[PDB]
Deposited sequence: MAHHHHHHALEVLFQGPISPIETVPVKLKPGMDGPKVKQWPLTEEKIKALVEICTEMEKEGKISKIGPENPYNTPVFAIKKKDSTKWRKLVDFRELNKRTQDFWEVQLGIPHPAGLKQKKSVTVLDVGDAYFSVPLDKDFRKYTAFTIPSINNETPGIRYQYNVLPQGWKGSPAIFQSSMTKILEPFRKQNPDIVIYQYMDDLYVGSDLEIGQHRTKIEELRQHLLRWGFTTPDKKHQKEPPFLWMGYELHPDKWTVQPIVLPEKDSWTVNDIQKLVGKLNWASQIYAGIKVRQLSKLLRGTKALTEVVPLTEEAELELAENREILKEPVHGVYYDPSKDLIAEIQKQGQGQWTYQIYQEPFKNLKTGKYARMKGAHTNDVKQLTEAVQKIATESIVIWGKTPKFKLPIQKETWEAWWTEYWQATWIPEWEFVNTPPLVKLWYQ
């Protein structure tokens, strides 16, 4: 076929990111996978005169015992030209989040049938490492649209719609959204009748070349205030601090008539009775906290941001926003992995589910602010990753000034 001409953004060079260490079982899989891809012409062996590089690793799903090659093209996608500027982007359908059930299918393999602009291939280089550095690294680059590259869904756009249009006519009320290498397909059909047109969709795809989501129980967790019969000075201090922060989010929340309940230099354990005008102020603030914030709308031109907090006993609060204090979604992720013990696994799973929810709802992943040391995350996260995409993230150490989300 003919290649589509592709550019990096003006004044940017290709990625230059070092490969990180890999286990034995991940190196063998990459060697098995890439030698087959070389034989099928999808990748080519290259040398050091190509100055670019992108890390590679492998993931294996709990349900799917096979290894899946994953190239971390985050750096390259940032530097790749916009395709919304060239009008080949994928519109997000609003209805998907409405559906009873949504299944995710990995269709990255379809990209391997379309060649890549010969002048862009060098930017796709990656290096397989060696155990105990027995040999130098082995370098390949792509000849076809790479999995994980943001240009592949855009170039394959025209083709995917024609492969899908018979299924789309046959089934008008199922909605299909392509995001990177994934197809998110949702419907209202029975918990197990839905799954069968999944299987019919996949055979039509296997003709040419995870688990069930359920959005109508992606409940929001609001800010809630304690309930007691008796209140210590410390309780009132903490409650005044919690609402003083929340007044940056909501409108007309007031502390004047709980603050002066604490006039004087009082002991932290002394039990202060509640005036009527303080119950006035509290029961009302409970109601503003009840229902969502007025005036908060999604903007597709701006980035999504996600913050997470460890709360303990297996639970994790999160907020998604674009401008600070204008949350599009507040939530609480709970594990049931078994032993309660592994924080890094729970947070890695939390990031995948939160990012999955943004794809379903808005069509793109958020930039995560992760409550973890950089090198604790990098020591362990690939152990638990199951997605074909990788969101952007950064590492924060914000102590909890107030327990706002519990």
Notebook entry, point to check: Going from the first residue of the deposited sequence to the last, where are the unmodelled runs?
Noted result: 1 to 20, 230 to 246, 444
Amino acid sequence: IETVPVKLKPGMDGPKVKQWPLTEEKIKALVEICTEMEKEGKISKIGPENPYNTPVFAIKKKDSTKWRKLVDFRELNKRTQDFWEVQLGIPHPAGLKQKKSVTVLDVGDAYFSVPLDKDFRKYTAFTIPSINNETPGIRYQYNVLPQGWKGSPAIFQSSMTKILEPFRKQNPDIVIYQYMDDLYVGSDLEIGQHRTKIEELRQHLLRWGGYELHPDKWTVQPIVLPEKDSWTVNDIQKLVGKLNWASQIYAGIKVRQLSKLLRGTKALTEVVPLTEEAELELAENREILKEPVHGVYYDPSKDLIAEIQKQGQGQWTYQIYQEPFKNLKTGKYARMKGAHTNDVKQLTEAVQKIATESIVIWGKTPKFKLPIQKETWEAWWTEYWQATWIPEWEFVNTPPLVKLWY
From here on, numbers count along this sequence of modelled residues.
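Take the two forms, superpose them, and find the largest set of C-alpha atoms that agree within 1.5 Å; that set is the rigid core.
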Note to self: If the other structures are each fit on the rigid core, which stretch ends up farther away in C-alpha terms in 8 other deposited structures of this protein, 332 to 340 or 303 to 311?
What the structure shows: 332 to 340
Item checked: Comparing 124 to 132 and 210 to 218 where Cα RMS over structures and residues is taken in 8 other deposited structures of this protein (core fit), larger one -> 210 to 218
Notebook entry, point to check: What stretch has the higher average Cα B-factor here, 92 to 100 or 68 to 76?
Noted result: 92 to 100
Margin query: Highest mean C-alpha temperature factor of the two stretches 259 to 267 and 145 to 153, which is it?
Written below: 259 to 267
Next item on the list: From the list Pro166, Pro136, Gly314, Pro324, select the residue with the highest C-alpha B factor recorded in the entry.
Entry: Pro166
Next item on the list: Among the candidates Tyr123, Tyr184, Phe112, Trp231, give the one with the maximum CA B-factor reported in the record.
Entry: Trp231
Note to self: What third of the chain does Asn244 rank in for C-alpha temperature factor, lowest, middle or highest?
What the structure shows: middle
Next item on the list: Name the third of the chain's ranked CA B-factors that contains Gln346, choosing lowest, middle or highest.
Entry: middle
Check: Split the chain's modelled residues into thirds by Cα B-factor; is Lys26 in the lowest, middle or highest one?
Finding: lowest
Note to self: Among the modelled residues of this chain, does the Cα B factor of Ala355 put it in the lowest, middle or highest third?
What the structure shows: lowest
Note to self: Test of reading the entry: by CA B factor among the chain's modelled residues, which third contains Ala339?
What the structure shows: highest
